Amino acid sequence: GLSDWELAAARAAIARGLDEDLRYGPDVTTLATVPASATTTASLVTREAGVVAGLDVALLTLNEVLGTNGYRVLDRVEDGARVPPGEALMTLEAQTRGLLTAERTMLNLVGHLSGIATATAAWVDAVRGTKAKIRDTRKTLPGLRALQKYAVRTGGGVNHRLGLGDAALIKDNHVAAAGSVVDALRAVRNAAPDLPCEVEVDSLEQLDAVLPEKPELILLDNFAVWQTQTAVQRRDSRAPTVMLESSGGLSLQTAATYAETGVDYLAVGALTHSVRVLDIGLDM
């Protein structure tokens, strides 16, 4: 379900996409070969297996090109469906010219979003049987954040930060300016008491230092599995309320290893930067 916020991001995205395509003129070739009165039944069918996402975004692209009632949906799959290869995600009847113009933007969008959801479902499978939840980052493509965040949620992950003012995140730079990790922490505690504290540590010594300050979340930046295990042992005994999120040296191969240490979350930048498209085509 696209929130009004997401729905707005989608429209803006679909508009930017159509504008890139039409900027150089209309599809001279459909115009030349296919009549304005032509109508077809087309299907978005997967060329591979995965988790579908962004189907509503496909519909919104048609609204923009054909008008809300310019097409008919004979059938569709729900976003989040695990889908086998030749699956028909959505079947529609629409003026042929409109379909052909909307095609590329619509496939680009849903192929991208399904790619993310597919990847996140893999991560979510990898740590099944563990308490860890898979979470995203702000390492998103400019202009697509709302959509990419939507896709990880669709694949079963949980959204983390939406931007700079979401929560207070004390990093290396801040600790420095404050003097120390506890310094930065206290400062922020007073500046934005209403805001969730998250502190990024890159060593076990920094971990020990902030643990007593009891921030909401500690990010273990590039810890080996063994240091992660230690981190959890320490948190469990000293500051039970602090959440721990692994961030950094994560691969889908190691994901379960990290998950079994008992960390609460896995921060996966790859879900949004580095995405592999889910291959989909429009079959007429």
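From 1 onward, residues are counted along the sequence shown.
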Given the B-factors recorded for C-alpha atoms, which segment has the greater mean, 13-21 or 267-275? 13-21
Of 127-135 and 70-78, the one with larger mean CA B-factor: 70-78
Identify, among 113, 184, 122, 199, the residue whose C-alpha carries the highest B-factor in the deposited PDB entry. 184
With respect to the C-alpha temperature factors reported in the PDB entry, which of 83, 195, 158, 151 ranks highest? 195
Chain thirds by Cα B factor, record data; residue 57 belongs to the middle
Assert third(CA B-factor, residue 140) within chain per record equals lowest
Going by the entry, which third of its chain does the Cα temperature factor of residue 171 land in? highest
Chain thirds of CA B-factor: placement of residue 203: middle
Residue 244: C-alpha B-factor third of its chain, per the entry, is the middle
